[PDB]
Structures are given as C-alpha cells and as structure tokens.
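**Q** Below you'll find the sequence and an experimental structure to go with it.
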Amino acid sequence: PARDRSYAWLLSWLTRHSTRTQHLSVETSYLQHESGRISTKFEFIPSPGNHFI
Amino acid sequence: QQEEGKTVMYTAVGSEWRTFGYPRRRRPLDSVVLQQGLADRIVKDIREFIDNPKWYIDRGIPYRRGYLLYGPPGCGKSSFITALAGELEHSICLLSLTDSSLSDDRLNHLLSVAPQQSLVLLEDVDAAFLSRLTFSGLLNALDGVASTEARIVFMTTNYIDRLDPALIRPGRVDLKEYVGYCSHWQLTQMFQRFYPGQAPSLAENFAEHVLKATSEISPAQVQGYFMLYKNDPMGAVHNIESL
Amino acid sequence: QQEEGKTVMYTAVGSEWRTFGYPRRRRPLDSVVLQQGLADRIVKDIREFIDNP
Amino acid sequence: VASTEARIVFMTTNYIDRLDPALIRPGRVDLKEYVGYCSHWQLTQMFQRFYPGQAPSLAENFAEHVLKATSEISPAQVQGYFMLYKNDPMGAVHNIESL
Ligand SMILES: Nc1ncnc2c1ncn2[C@@H]1O[C@H](COP(=O)(O)OP(=O)(O)O)[C@@H](O)[C@H]1O
C-alpha cells in the first residue's frame, strides 16, 4: 500500500532497473531554502497501470 | 526564469540571528569595481572553497575559510561583500563587533548558530580588537566549532596595523586583500558604467584629470560627484577641474 | 544508499541536553591517526561493550 | 544511575598526574590510553593522507626529517604546516628544514 514506505522504495527500484519504461510519471522535488536558492530535480516513476519487468 | 533572486541580510539580537527587514535586490557584481583582478581572484578562491568540499572532509580539517579586506573607508568593501553574497546566492549575516552588547560567549554562540548557506560579515574588526570587550576572545571564538558547513566569514577594517599577525593564519583569515583608492582603469570603468555609452577617449581623459587633481580619491567620492551631474557626462568632464 | 549519516553533538544548558547547532558530517575514522593500534584497540573494546549486552 | 543503557563516557585530560588513582577503577574509567607526539608511522600516514598519492620513500624521508628536527611535534602542528603548503608536497618536503 501507499502508506507503507516500501512503495516509494519499490518505485525507485523499478525505475532504476527497467530504464526503458515508456510510460512514466513525474515527481518534482522543490525546496526554496533561505536566501531564495531554489533546488529542483525530476524523479520519474512508473505510471499507473500494468507494467511487465 | 520568472523569479528574481534576493539577498537576505540577517541581523543578530540577543543570541539569535534574525531577518533584518525584507529581502533586497541583488546588486550586480560588475557594478562594484575593485581593482584589476582582485574581484576575479576572490571569486575564484570562493568558488574553489565551495565547489570542493571533498578535499576538506577527507583530510579531516574544518570546512571553514575566512577573508579579510583592509583599505581606506569608502573604497567599496561592504558593497563588494554584498555583491559577492548575491553572486553566490548566499545570505549575509551582518555583525557589528564594535558594539559592546555581545561578549565572547555571545559572539561564539552567534558564530556557531549562523544560518546555513550564509556569509557572516564582521565590520569594524579593528575597533574592538584594540579594546564583552575582548580581542583574544574573538579569535578564540573564531577557532571554535565551524558551524554546519562552509563557514565563510568576511572581516573588514579601515587599517590593518591595529590588528595582529596572529589573525592572518590558516584556519583563520586566509586571503587578505587591500582595496584602495581608484586607478585609471577603475575611473574609466566607473565612467563607462554610470554613463551607458560615450567616447572611451573621453572616459580616459576624465580618469587622467581626476588622477591629476586628486591622489587619494575614493570611489565613494567619485559616485557622489557623479550624482551631482546625473545624466550629464559633458558637464561632469568640464567640472573635473572644479573638484 | 541515498542517505548520508550525520553526528549530532548535544550541548547542555541549565539541566537539559539540547541540540547544539545543526547535524554535522561524519569525519572518517581513518582520517584521525592515533598510533600503531590504539584506535583498533579502542574500537574493539567499544564493539565488545556494545555487542554483548 | 547508569542512564537507560550503555552509558559510554569519554574523558580527556592534558595530564594524568593531577587526577587520582581512584578515578581508574572498574565501574569507572576502564581503559586509559596515552595519545602522544607523532611517530614515524604517524607522520608517513599523515603525509599519505593529506597528499593523495606520492612516493612512499618521499613520505618516509619527510617523517625522518621532522623526527630529527623536532622531538615533541604534535599532529596539530603537522596539519598546520601542511596547510601552509596545500597541494604542494615537494615544497613542504624542501621546507622541513625551515621548521
Ligand atoms: N569599487 C566601487 N565600485 C562601484 N561603486 C562603489 C565602489 N566603491 C564604492 N562605491 C559606491 O560608493 C557608495 C558608498 O560605499 P561605501 O558604503 O562607503 O562602501 P564601503 O563601506 O564598503 O567602503 C556605494 O553606494 C557604492 O555604490
């Protein structure tokens, strides 16, 4: 389930293992520290649906 | 692209760093002209210190570096510090150590609790170093805990004689630079900056005329003179002999 | 693997332990060289004390 | 009271004479160790660590030179000297006699 922390770990492992996943979903990490230094990074996870690995 | 960065200067009340006022616009680095290559050298040294954290941690040395800027008043030291902090997207932590409100313990605590990604500026260092009031306590606090990481500290003095050679040492003040009175290149670059587009020969003649007229002319005085003849380069050039 | 550990040094004010500053990076053990085998002896003694409650 | 569990306590002193033998006792200070001035192995390992990859014979000569020059050299002084010649091993080796 989503509540368990293994959800994100498994999604990251899937996107690291199956590099050629045509269908994907995005996860943007956005944090504005003090002095207004904006840090952004795009993390991709398998999109909702059925995937075969 | 739609966001313009700002520099937030932090002030210290009691024993805590507080946001002094509201965020301010970033002054362009090239606006503050120091010398032939002093700005380039300082920027390169800071970039090397920041972009290579592996070197310090692997060798077991604190990731702390400090610079000292000494020169006549009005030479553009604090303006250069602000421009550098804006360039590096850091935040300024202004601290007037000449004030007697803070003691050795308070100074050490303030330097230890400084915000991350922030430059700490200690102005009037010569004043209290002559004389809560302490001179050895300041250097003892400087060699304390080096914050979380990259405790870049800037200290400015009108003269370096009142200080001691012990201040200049690795693990302490690292790169001392002297910012002084304007030169020919300084004056011509200032004339080109304040007035956006004129005859370069006119700027050179202006610089030579001020160099002849005054020997210890400060950039602050140059800016003040330029304010008298705002949007009037020919009049300012004709009025150099008046100065 | 994406997380780097940190050492938090606690200071004491009044009669309570407080977090002094922010977490700091872990200095490598081999960076501090003490003697021929003093570090090894101390590490082994601490490991024996900890792993045998 | 020994805390919740595993109350590991570390105590450091510049000298042990000012203390008393009562401090060293089971249920108290358990393993006392003396960390002193650098040795040949200490100096060569420091030289190998600070400068990542040079001649081991050069490190040995460096260690011998500092051992000859000073008898009570401290590792903090060694680090301070290395800071003077950062990314400059040959210059530091040539400047040992200066120390
Ligand atoms: N080297 C320089 N280049 C451009 N402007 C300068 C320079 N030095 C001083 N000024 C101008 O002079 C004014 C006064 O500067 P000042 O506050 O006296 O600097 P500091 O206190 O660091 O000497 C500032 O508004 C600044 O724009």
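**A** Yes, it's here. Residues are numbered from 1 along each chain as shown, chains lettered A, B, ... in the order given.

**Q** first vs last residue of stretch B:59-73, how far apart are they?
**A** 39 Å (CA to CA, to the nearest Å).

**Q** residues in chain A within reach of chain C, list them.
**A** Proximity of chain A to chain C, by CB under 8 Å from any CB of the partner chain, involves no residues. Placement of C-beta: from N, CA and C, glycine included.

**Q** Which single residue of chain A approaches chain C most closely?
**A** Here chain A gets closest to chain C at one residue, residue A:12, 8.6 Å apart by CB to the nearest CB.

**Q** need the contact list for that residue.
**A** A:43, A:45 (CB atoms under 8 Å, 6 or more residues apart in numbering or on different chains).

**Q** quick one: it is in a helix?
**A** Yes. Checked against DSSP: H, G, I helix; E, B strand; the rest coil, residue A:12 lies within a helix.

**Q** Alpha carbons only: can I get stretch B:187-197 in CSV?
**A** What follows is stretch B:187-197 as a C-alpha-only set of coordinates in CSV (Å, rounded to 0.1, in the frame of the first residue of the first chain):
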residue,chain,number,x,y,z
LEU,B,187,37.9,55.5,-13.0
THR,B,188,37.3,54.7,-16.7
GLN,B,189,35.2,51.7,-15.9
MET,B,190,33.2,53.7,-13.4
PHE,B,191,32.6,56.4,-16.0
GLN,B,192,31.6,53.8,-18.6
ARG,B,193,29.2,52.1,-16.1
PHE,B,194,27.5,55.3,-14.7
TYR,B,195,27.0,56.8,-18.2
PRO,B,196,25.9,53.9,-20.5
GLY,B,197,27.8,54.6,-23.7
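
**Q** Enumerate the positions of that stretch that are buried.
**A** B:187, B:188, B:189, B:190, B:191, B:194, B:195 (16 or more other CB atoms under 10 Å in any protein chain shown).

**Q** Which one of these is nearest to residue B:49?
**A** Taking CB to CB as the measure, residue B:49 lies nearest residue B:189 of the buried residues of stretch B:187-197, at 26.9 Å.

**Q** what does chain B have sitting close to chain A?
**A** B:3, B:5-8, B:23, B:89-91, B:115-118.

**Q** Now the buried members of the residues you listed.
**A** Applying 16+ other CB under 10 Å to those flags B:7, B:8, B:89, B:90, B:91, B:115, B:117, B:118 as buried.

**Q** Relative to residue B:218, which of the residues you listed is nearest.
**A** Nearest member of these to residue B:218, counting by CB to CB, is residue B:7, at 24.2 Å.

**Q** correct me, but that closest one touches residue B:20?
**A** No. Taking contacts as CB atoms under 8 Å, residue B:7 lies outside contact range of residue B:20: 11.4 Å.

**Q** about what we covered before: of the buried residues of stretch B:187-197, which belong to helices?
**A** B:187, B:188, B:189, B:190, B:191, B:194 (DSSP state H).

**Q** Provide a list of residues in contact with the last one.
**A** Right, the one you point to is residue B:194. So residue B:194 contacts B:223, B:226 (CB under 8 Å, 6+ apart).

**Q** all strands in the chain, in order from the N-terminus.
**A** All of this is about chain A. With DSSP state E as the criterion, chain A has strands at A:24-32, A:38-46.

**Q** Let me rephrase: I mean chain B.
**A** B:6-7, B:9-13, B:16-19, B:24-25, B:64-70, B:91-96, B:118-123, B:151-157, B:173-178.

**Q** Export the residues of chain B next to chain A as CSV, with columns for distance to residue B:177.
**A** Shown next, in CSV, are these (distance: CB to CB, whole Å):
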residue, distance to residue B:177
B:3, 33
B:5, 26
B:6, 27
B:7, 21
B:8, 26
B:23, 28
B:89, 22
B:90, 19
B:91, 22
B:115, 25
B:116, 26
B:117, 23
B:118, 21
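
**Q** what sits against the residue lying farthest from the centre of chain A?
**A** For chain A, the largest distance from the centre (CA atoms, centre = their mean) belongs to residue A:35, which lies 27.4 Å off. Under the criterion of CB under 8 Å, 6+ apart, the contact list for residue A:35 reads B:5, B:6, B:7, B:8, B:89, B:90, B:91, B:117, B:118.

**Q** distance of the most centrally placed residue in chain B from residue B:92?
**A** The centroid of chain B falls nearest to residue B:81 when counting by CA atoms, centre = their mean (3.1 Å). Using CB to CB, to the nearest Å, we find residue B:81 at a distance of 7 Å from residue B:92.

**Q** What of residue B:85?
**A** Counting by CB to CB - residue B:85 and residue B:92 are separated by 5 Å.

**Q** How about chain B: which residue is closest to chain D?
**A** residue B:170 (3.7 Å).

**Q** what's around that residue, how many residues?
**A** 16 (other CB atoms under 10 Å in any protein chain shown).

**Q** now do residue B:93
**A** Residue B:93: 25 neighbours (other CB under 10 Å).

**Q** so it touches residue B:122, yeah?
**A** No. With contacts counted by CB under 8 Å, residue B:93 stays clear of residue B:122, the gap being 9.3 Å.

**Q** picking that back up, residue A:3: which of the contacts of residue A:35 is nearest?
**A** residue B:117 (34.1 Å).

**Q** Skip the chain neighbours and tell me the closest residue to the residue of chain B closest to chain D.
**A** Distances taken as CB to CB, 6 or more residues apart in numbering or on different chains place residue D:83 nearest to residue B:170, at 3.7 Å, with adjacent residues excluded.

**Q** any idea how far the one you found is from residue D:65?
**A** 18 Å.

**Q** What number of residues are in the vicinity of residue 14?
**A** Answering for chain A, as no chain was given. 14.

**Q** wait, I meant chain B there
**A** Counted with other CB under 10 Å, residue B:14 comes out at 10.

**Q** And the residue of chain A that's closest to chain B?
**A** For chain A, CB to the nearest CB, closest residue to chain B: residue A:35, 3.7 Å.

**Q** how about the residues of chain A that lie near chain B?
**A** So chain A meets chain B at A:33, A:34, A:35, A:36, A:37, A:38 (CB under 8 Å from any CB).
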